[PDB]
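See structure below.
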Amino acid sequence: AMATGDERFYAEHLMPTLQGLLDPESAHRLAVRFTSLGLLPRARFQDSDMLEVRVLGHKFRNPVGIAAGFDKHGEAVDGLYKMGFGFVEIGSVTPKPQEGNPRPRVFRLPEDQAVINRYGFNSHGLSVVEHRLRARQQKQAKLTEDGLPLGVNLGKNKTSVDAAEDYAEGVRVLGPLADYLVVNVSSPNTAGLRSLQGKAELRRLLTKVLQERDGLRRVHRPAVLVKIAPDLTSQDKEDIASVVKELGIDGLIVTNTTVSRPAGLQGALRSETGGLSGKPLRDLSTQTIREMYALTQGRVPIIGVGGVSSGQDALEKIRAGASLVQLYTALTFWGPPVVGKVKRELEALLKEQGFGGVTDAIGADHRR
Ligand SMILES: CCn1c(CO)nn(-c2cc3c([C@@H](C)C(F)(F)F)nn(-c4ccccc4C)c(=O)c3cc2F)c1=O
Ligand SMILES: Cc1cc2nc3c(=O)[nH]c(=O)nc-3n(C[C@H](O)[C@H](O)[C@H](O)COP(=O)(O)O)c2cc1C
Ligand SMILES: O=C(O)c1cc(=O)[nH]c(=O)[nH]1
Ligand SMILES: [Cl-]
Ligand SMILES: [Cl-]
Ligand SMILES: [Cl-]
Ligand SMILES: [Cl-]
Ligand SMILES: [Cl-]
Ligand SMILES: [Cl-]
Ligand SMILES: [Cl-]
């Protein structure tokens with residue numbers, strides 16, 4: 001098709017050529033610019049009824065979202081919907097602006113279809129992102145009503161003494177502009193951050209976040225999700241499940257990047273510090289989804305993320321317990337046509353496997 005035409009040209013020729021000419025962070029920045037300007041191939045794929053998902057108090061036209069980290073500062077939201085994503089997540093956003101780690105801080109592993117990053121929460125800060133989202137607040141309200149919700153992922157400043165107050169500030173400032181908020185406690189690139197996944201610290205943190213969210217006016221009151229690492233102990237996962245059910249957290253995002261280095265990585269840059277994304281993360285993420293779904297008795301919506309670059313990858317996460325999926329790293333290798341590719345392949349597999357739609361497949365592996 002013209003679809004598989006663009007998919008082949010981007011994957012085989014355009015993206016490898018452009019990535020060969022540019023430093024990885026330069027490629028990221030240009031991508032945000034092109035997306036914000038709508039300089040994108042046609043998204044030929046027409047979302048069908050069988051891809052619609054109702055979760056987190058919203059309609060999602062399709063279950064494929066852009067993961068946090070691509071649009072950290074909310075500059076490219078409308079262009080990301082134009083790419084065919086069913087939902088957009090921006091961030092992480094920190095309270096105050098901060099530069100993040102020194103460059104280079106992004107590394108390509110094309111032999112592994114992976115990336116390693118150590119951006120360190122480079123952020124324009126809440127004030128700048130607030131004003132950027134306010135400029136399109138009513139445009140977003142219409143997109144959300146039309147099944148295209150917006151998520152905002154909150155982080156904490158490097159030098160902050162009170163992590164919970166940083167997240168609370170994010171809820172107050174960006175909560176009113178979001179369909180869902182993400183308490184990102186799983187960056188591998190902020191010292192001490194992943195310790196906030198521990199039981200006593202998570203319960204205190206999430207209580208404060210939920211109190212702040214509950215204090216927002218009804219039309220401005222987002223869902224709250226916790227985004228977790230793929231590197232948790234069994235004890236950590238049990239504790240997170242316990243706290244999420246105790247406090248009525250609305251959902252989980254499973255998973256962030258890994259600080260592991262699976263056996264078999266080939267890229268020259270495999271021993272760089274940072275979080276590993278893409279294909280080597282895929283099954284570690286899927287198995288984290290599977291465990292979190294079971295520990296929460298299928299009662300807590302999961303957004304599955306890590307190494308999705310095909311319909312099969314998306315359906316494996318859905319059958320493991322994800323209601324929605326996200327991708328980022330595949331877009332660095334395949335370019336924008338990957339979104340229609342994943343959607344087309346997912347629709348075909350749902351039909352092949354006897355599912356009426358995405359909803360019927362959620363958690364299907366647990367019922368075998
Ligand atoms: C992890 C950091 N990181 C890297 C490095 O690891 N790459 N990367 C992306 C780059 C791109 C680029 C680059 C090559 C360009 F901008 F330099 F071309 N272009 N495009 C594109 C092509 C044709 C038309 C419209 C767009 C947006 C994309 O979609 C795209 C996505 C990405 F995630 C990205 O976020
Ligand atoms: C360059 C880069 C930056 C990221 N920054 C963030 C971030 O700010 N917040 C966050 O929650 N996740 C961040 N992530 C993690 C992604 O959202 C996602 O969880 C992870 O990359 C796995 O999905 P993927 O294999 O499809 O990329 C980042 C990932 C990459 C590759
Ligand atoms: O800013 C980053 O370094 C970043 C944050 C996050 O949550 N995950 C990731 O892989 N990198
Ligand atoms: Cl719902
Ligand atoms: Cl659109
Ligand atoms: Cl590189
Ligand atoms: Cl408002
Ligand atoms: Cl363990
Ligand atoms: Cl390891
Ligand atoms: Cl590391």
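By order in the structure tokens, chains are A, B, ...; within a chain, residues start at 1; ligands start at 1, following the order shown.
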
Which residues are near residue 69 (chain A)? Cut-off 10 Å, only C-alpha atoms, ignore same chain within fewer than 5 positions. Put them as a PDB file with C-alpha atoms, in the first residue's frame.
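Wrote result_7.pdb, looks like this:
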```pdb
ATOM      1  CA  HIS A  28      15.419  14.647  19.021  1.00  0.00           C
ATOM      2  CA  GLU A  89       1.819  12.272  27.277  1.00  0.00           C
ATOM      3  CA  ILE A  90       4.106  15.250  27.824  1.00  0.00           C
ATOM      4  CA  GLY A  91       6.903  15.582  30.345  1.00  0.00           C
ATOM      5  CA  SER A  92       8.464  14.858  32.648  1.00  0.00           C
ATOM      6  CA  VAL A  93       8.015  18.461  33.849  1.00  0.00           C
ATOM      7  CA  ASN A 117      19.492   8.142  27.779  1.00  0.00           C
ATOM      8  CA  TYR A 119      18.811  13.417  30.110  1.00  0.00           C
ATOM      9  CA  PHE A 121      14.915  15.778  33.632  1.00  0.00           C
ATOM     10  CA  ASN A 122      15.886  18.674  31.393  1.00  0.00           C
ATOM     11  CA  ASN A 153       4.089  13.476  33.533  1.00  0.00           C
ATOM     12  CA  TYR A 328       8.883   6.198  21.952  1.00  0.00           C
ATOM     13  CA  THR A 329      12.094   4.394  20.933  1.00  0.00           C
TER      14      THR A 329
END
```

| message | Please list as a PyMOL selection string every residue within 8 Å of region 180-192 of chain A, counting only C-alpha atoms and excluding residues in the same chain fewer than 3 positions away. | response | chain A and resi 56+92+118-121+150-155+158+167+171+175+195-197+222-229+253+256-259+274-275

| task | Write out as a list in words each polymer residue (protein, DNA or RNA) that has an atom no more than 10 Å from ligand 5, with only C-alpha atoms and all ligand atoms counted. | result | residues 43, 77, 78, 79, 80, 81, 82, 83, 84, 85, 86, 143, 146 and 148 of chain A

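Take the candidates A:24, A:301, A:248, A:97 and check each one against ligand 6 using only C-alpha atoms and all ligand atoms; the shortest distance goes to A:24.
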
| task | Write out as a ChimeraX atom specification all residues of region 8-203 of chain A that DSSP puts in strand (DSSP E or B) for this structure's backbone. | result | /A:53-55,58-60,64-66,87-93,98,106-109,114-117,123,150-154,180-184

| query | Which residues come within 12 Å of residue 17 (chain A), counting only C-alpha atoms, excluding same-chain residues fewer than 6 positions away, as a ChimeraX atom specification? | reply | /A:9-11,27,332-335

| So, counting only C-alpha atoms and all ligand atoms, which residue among A:178, A:276, A:88, A:348 is closest to ligand 1? | A:276

| Per DSSP on the backbone, what are the alpha helix (DSSP H) residues of region 149-196 of chain A, as a ChimeraX atom specification? | /A:163-174

| query | Pick from A:319, A:279, A:299, A:124: nearest to residue 99 (chain A), with only C-alpha atoms counted? | reply |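 Distance minimum relative to residue 99 (chain A) lands on A:124.
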
| request: Please identify all polymer residues within 9 Å of residue 113 (chain A), counting only C-alpha atoms, omitting same-chain residues fewer than 4 positions from it, and present them as a PyMOL selection string. | output: chain A and resi 108-109+277-280+307+329-330+333

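Once only C-alpha atoms and all ligand atoms are used for the distance check, the residues close to ligand 1 at 7 Å turn out to be residues 15, 18, 19, 22, 24, 25, 26, 27, 28, 29, 30, 31, 32, 34, 35, 39, 40, 41, 70, 106, 107, 108, 115, 328, 329, 331, 332, 335 and 336 of chain A.
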